[PDB]
Each structure stands twice: as C-alpha cells, then as structure tokens.
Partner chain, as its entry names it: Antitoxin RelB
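Presented below, as structure tokens, is a lone chain in the form solved without the partner chain.
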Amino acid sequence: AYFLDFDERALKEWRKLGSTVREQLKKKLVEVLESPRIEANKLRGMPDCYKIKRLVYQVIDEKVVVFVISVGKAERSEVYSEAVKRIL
C-alpha cells in the first residue's frame, strides 16, 4: 500500500551489490511496502527510519512513500575479501 522510491545515491549503490543480493533485497522490500513501520526494525532515535537485513529506508506518511536511502554491507568490501584470502 506504500509507493517505493529510491534515493539516487542508493540506487547507484543498488546497481553495484551484485546479481544475488539486489533480488533477495527486492523481495524483502516489496514485502515492506505493505506495512513499512516495523518496530523491530526502527533505527534508534530515528522516528521514520527503518532497516532491512543492510538497507535503510525512510517512511514518508505524507506521500505514503517508502524512500530507500542507503543500501550496502556490514563491513568494507575489502574486509570480506581479506577474510576470504586469510582462510586460504
């Protein structure tokens, strides 16, 4: 029941996550559109910001729009890469 919208920086971020991710995220996002305000996912101190497991979105009631603002990863890309190397 909520419209989707992406911040342009986040859409650019989205186009670099890879094939596998931006699909499982697309799934969880469209699910969020039904009822965006999930208490278990609300960022601390932030009245309108929520997380998807990361992805962050802003709920804009005045427009009924879910605004995806930030999407990325827990660590730097180098940390996962170095972790893969470290175990070889």
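What we label the rigid core is the largest C-alpha set whose atoms superpose within 1.5 Å from one form to the other. Shifts are known only where both forms have a C-alpha. Residue numbers count along the first chain shown, from 1.
Separately, the form deposited with the partner chain bound exists; it is not shown, and the next lines address it.
**Study point:** the partner chain contact in the deposited complex: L17, any heavy atom under 4.5 Å
**Key:** Taking the distances in the deposited complex, the answer for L17 is no, it never comes within 4.5 Å of the partner chain.
Check your understanding: Would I69 show up as a contact with the partner chain in the deposited complex if we use heavy atoms at 4.5 Å?
Key -> Yes - in the deposited complex, heavy atoms of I69 and the partner chain come within 4.5 Å of each other.
Review point. Is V21 close enough to touch the partner chain in the deposited complex, meaning at least one heavy atom pair within 4.5 Å?
Key: No, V21 is distant from the partner.
Point to revise | Members of 8-26 lying within 4.5 angstroms of the partner chain, judged by heavy atom, in the deposited complex | key: Residues within 4.5 Å: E8, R9, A10, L11, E13, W14, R22, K26.
Review point. With the two forms aligned on the rigid core, where do runs of 3 or more residues move by 2 angstroms or more at the CA atoms between this form and the one not shown?
Key: Core-superposed, the single displaced stretch is 45-47.
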